[PDB]
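Protein chains in written order, with the numbering used here: chain A, 29 to 93; chain B, 14 to 168; chain C, 35 to 149; chain D, 485 to 516.
Even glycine gets a Cβ: it sits at the ideal position worked out from N, Cα and C.
Take a look at the structure below.
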Amino acid sequence: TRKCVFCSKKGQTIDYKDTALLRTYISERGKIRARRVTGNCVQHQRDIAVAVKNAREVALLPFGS
Amino acid sequence: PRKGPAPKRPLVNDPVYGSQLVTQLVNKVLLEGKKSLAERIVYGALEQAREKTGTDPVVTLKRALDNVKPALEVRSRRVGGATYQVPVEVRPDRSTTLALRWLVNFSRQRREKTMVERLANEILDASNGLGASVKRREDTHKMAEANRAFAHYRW
Amino acid sequence: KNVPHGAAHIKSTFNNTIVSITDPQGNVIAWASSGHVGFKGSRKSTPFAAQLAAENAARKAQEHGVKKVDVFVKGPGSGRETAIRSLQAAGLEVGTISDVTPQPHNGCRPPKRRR
Amino acid sequence: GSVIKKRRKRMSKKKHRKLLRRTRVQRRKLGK
RNA sequence: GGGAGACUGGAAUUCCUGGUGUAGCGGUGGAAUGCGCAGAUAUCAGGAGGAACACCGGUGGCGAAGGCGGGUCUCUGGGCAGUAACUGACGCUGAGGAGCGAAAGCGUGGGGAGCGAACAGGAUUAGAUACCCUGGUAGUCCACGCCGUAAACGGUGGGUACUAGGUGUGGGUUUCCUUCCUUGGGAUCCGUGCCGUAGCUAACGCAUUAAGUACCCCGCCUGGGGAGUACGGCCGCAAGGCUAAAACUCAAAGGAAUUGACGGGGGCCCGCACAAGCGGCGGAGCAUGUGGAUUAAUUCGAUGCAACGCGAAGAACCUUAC
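Following this line, the structure appears as structure tokens:
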């Protein structure tokens with residue numbers, strides 16, 4: 029299991045402004061990846077999910093491309 | 014065939030023409046357990062072809078078998094409520110024996126009143142690939158490559 | 035009508051296979067369903083019927099002069115691949131195989147179970 | 485445990501339910 | 001994802017309008033009811049309306065139990081760890097009583113896309129008030145109240161202390177090789193799973209989250225039916241709920257495990273079982289046997305595989321039993 033990226037002391041703040049960072053964590057069909065594929069902790073996983081949903085809301089990411 | 018592959022009986026080399034091909038041919042045209050009859054029949058057809066085309070019989074028989082060669086057989090396998098026609102590659106020995114069966118049957122299908130010339134005529138026309146056997150073999154490749162869609166079952 | 039490029043919509047369910055050639059704007063040129071070829075009842079779900087319908091529709095569309103086709107496919111698996119081969123053999127150039135099958139996001143309610 | 489006891493109880497209950505269903509109007513009239 | 005209120009997003013289904021466009025679409029084990037040819041299904045563009053929130057998403061989180069996941073804002077309850085500054089036994093259980101309490105149901109006013117009791121045809125069947133197909137009202141939704149029931153289950157009431165360990169996950173504080181990048185490791189408090197000691201049990205199993213060792217308090221049981229029924233009473237608009245017997249009748253009703261048998265339950269392995277091949281039968285005539293029908297009798301026996309060139313390895317008389 030890979031370590032959580034954001035659990036490092038030098039990780040980035042999760043935000044829906046940044047689209048490339050969320051582009052990292054979505055699949056080729058626009059779906060959100062699981063946390064077994066990434067290995068990030070539960071908390072950071074849910075922040076990523078909420079950020080992706082907000083980005084879809086404000087029309088920055090496709091609704092399942 | 015449940016336990017494993019069964020042994021294959023070795024072929025006996027021909028005493029006159031010295032080829033397993035002619036003895037395989039006489040065995041496939043053999044009927045009623047009378048080797049003498051079919052044996053003199055294949056001798057008659059061989060000499061008739063030799064005197065007609067004036068060429069080497071062994072090489073033209075190999076030419077005929079190459080021209081009646083199948084490539085990819087089709088076999089039915091049961092799945093999903095239906096039997097699907099999966100294509101399977103064929104090892105050379107089975108292809109040769111079944112092509113020889115084809116040519117013997119088609120020689121029997123000729124209607125010139127006696128097979129001692131029917132089989133020779135089939136040999137000479139298969140050297141040109143002008144008989145019905147070669148065209149139907151082309152039809153066999155037609156079907157085999159037409160049903161290539163079932164290339165994923167690999168049965 | 036003469037159109038160089040178009041598209042093909044193939045809808046395959048557990049009961050039928052429907053092929054329709056259209057313009058890139060969606061206007062239909064010709065269609066051929068699995069029962070229009072001469073199959074009645076349960077037989078119009080088999081891959082043979084899909085092949086026949088696909089080739090018939092492709093030939094009618096080619097009579098209108100279609101050259102290259104982008105195929106959109108839909109529905110469960112009855113005659114998808116067989117239809118693709120039938121169009122590719124009838125004389126049409128495939129450009130892209132796109133599978134656009136509707137997928138609800140937990141809306142509406144499906145019917146009950148069959149017992 | 486087994487289900488035989490449960491179905492005995494359900495059979496008695498269903499018979500009582502049917503008996504109640506059969507005579508609602510008569511019970512209403514007679515009670516008042 | 002504990003709760004309440006308001007605003008709001010996208011996919012999909014249905015419908016309406018307008019293009020292209022033809023004769024089928026739908027459904028099934030197979031079909032037929034059904035929808036079309038008055039322009040269906042299909043495929044483009046626009047509009048209306050309702051309901052539920054795919055991916056994250058799990059043996060993971062929260063809540064006293066029911067139960068709770070599209071997004072944002074406003075109000076609000078509970079828990080955990082650290083410091084231990086404060087009060088000084090202020091604790092536990094709690095008959096009655098009150099509050100909350102899935103789904104269905106009832107009342108008043110809206111809403112109604114999908115689904116769907118009751119109800120109609122179609123199909124199967126010796127009949128099908130069903131399973132299968134086509135439609136379809138209440139209902140499912142919202143606002144405000146009633147009823148108060150479930151396999152409301154961990155079939156395991158609440159509080160406290162003690163009793164070998166091994167191994168995952170959720171939340172938080174600390175010391176040490178330390179790159180302090182790092183689940184490096186150890187220590188520690190609260191949860192949540194798996195396996196296993198002693199001990200207990202009728203066995204199955206429980207086993208630091210005990211069904212083990214002990215103390216306090218509440219609830220419940222005394223053979224199976226009759227029966228959670230009748231009577232009386234309280235509650236409710238109604239359905240009904242709650243408290244709760246007797247006459248009579250049986251010599252049993254039950255829990256756990258064992259051995260066979262069976263399954264329209266699975267998993268393996270064999271056999272001319274299939275597969276690859278050769279030769280036949282069902283086609284005509286004839287010979288034998290049988291069923292069926294006449295007859296005075298057409299003697300009797302044999303009826304899937306495992307009877308039908310079988311008892312019969314010898315019916316002109318004799319066999320012979322008709």
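Using the Cβ count rule (16 or more neighbours within 10 Å means buried), how would you classify residue i?
i                      : result
residue 78 of chain C  : buried
residue 131 of chain B : buried
residue 128 of chain B : buried
residue 487 of chain D : exposed
residue 29 of chain A  : exposed
residue 166 of chain B : exposed
residue 81 of chain B  : buried
residue 40 of chain C  : buried
residue 136 of chain C : exposed
residue 120 of chain B : buried
residue 114 of chain C : buried
residue 71 of chain A  : exposed
residue 510 of chain D : exposed
residue 168 of chain B : exposed
residue 74 of chain B  : buried
residue 52 of chain A  : exposed
residue 78 of chain A  : exposed
residue 90 of chain C  : buried
residue 113 of chain B : buried
residue 83 of chain C  : buried
Rounding to the nearest angstrom, what Cα-Cα distance links residue i and residue j in this structure?
i                      : j                      : result
residue 103 of chain B : residue 68 of chain C  : 35 angstroms
residue 94 of chain C  : residue 44 of chain C  : 15 angstroms
residue 59 of chain A  : residue 73 of chain C  : 41 angstroms
residue 84 of chain A  : residue 90 of chain A  : 6 angstroms
residue 76 of chain B  : residue 69 of chain B  : 11 angstroms
residue 163 of chain C : residue 61 of chain C  : With chain C running from 35 to 149 in the structure shown, residue 163 of chain C is simply not present.
residue 37 of chain B  : residue 145 of chain B : 22 angstroms
residue 111 of chain C : residue 46 of chain C  : 6 angstroms
residue 81 of chain A  : residue 96 of chain C  : 46 angstroms
residue 161 of chain B : residue 92 of chain B  : 17 angstroms
residue 515 of chain D : residue 490 of chain D : 33 angstroms
residue 35 of chain C  : residue 88 of chain C  : 21 angstroms
residue 92 of chain C  : residue 130 of chain C : 16 angstroms
residue 148 of chain B : residue 158 of chain B : 15 angstroms
residue 109 of chain C : residue 485 of chain D : 48 angstroms
residue 59 of chain C  : residue 38 of chain C  : 13 angstroms
residue 65 of chain A  : residue 90 of chain B  : 39 angstroms
residue 43 of chain A  : residue 132 of chain C : 33 angstroms
residue 156 of chain B : residue 64 of chain B  : 38 angstroms
residue 175 of chain B : residue 119 of chain C : Not covered by the structure: residue 175 of chain B. The range shown for chain B is 14 to 168.
residue 492 of chain D : residue 505 of chain D : 20 angstroms
residue 24 of chain B  : residue 71 of chain C  : 53 angstroms
residue 142 of chain B : residue 92 of chain A  : 59 angstroms
Run down chain B in chain order and give the residues with a C-beta less than 8 angstroms from the C-beta of residue i.
i                     : result
residue 80 of chain C : 95
For residue i versus residue j, is the C-beta distance shorter than 9 angstroms?
i                      : j                      : result
residue 111 of chain B : residue 154 of chain B : no
residue 128 of chain C : residue 104 of chain C : yes
residue 71 of chain B  : residue 87 of chain B  : no
residue 35 of chain B  : residue 54 of chain B  : no
residue 125 of chain B : residue 118 of chain B : no
residue 59 of chain B  : residue 30 of chain B  : yes
residue 83 of chain B  : residue 150 of chain B : yes
residue 107 of chain C : residue 123 of chain C : no
residue 32 of chain B  : residue 40 of chain B  : no
residue 63 of chain C  : residue 55 of chain C  : yes
residue 63 of chain A  : residue 69 of chain A  : yes
residue 62 of chain B  : residue 136 of chain B : yes
Which chain B residues sit within Cβ distance under 7 angstroms of residue i?
i                      : result
residue 56 of chain C  : What residue 56 of chain C touches in chain B: nothing, since even the nearest Cβ is about 24 angstroms away.
residue 119 of chain C : 162
Check your understanding: Relative to chain B, which residues along the region 104-117 of chain C have a C-beta separation below 7 angstroms, given in chain order?
Key -> 115 and 116
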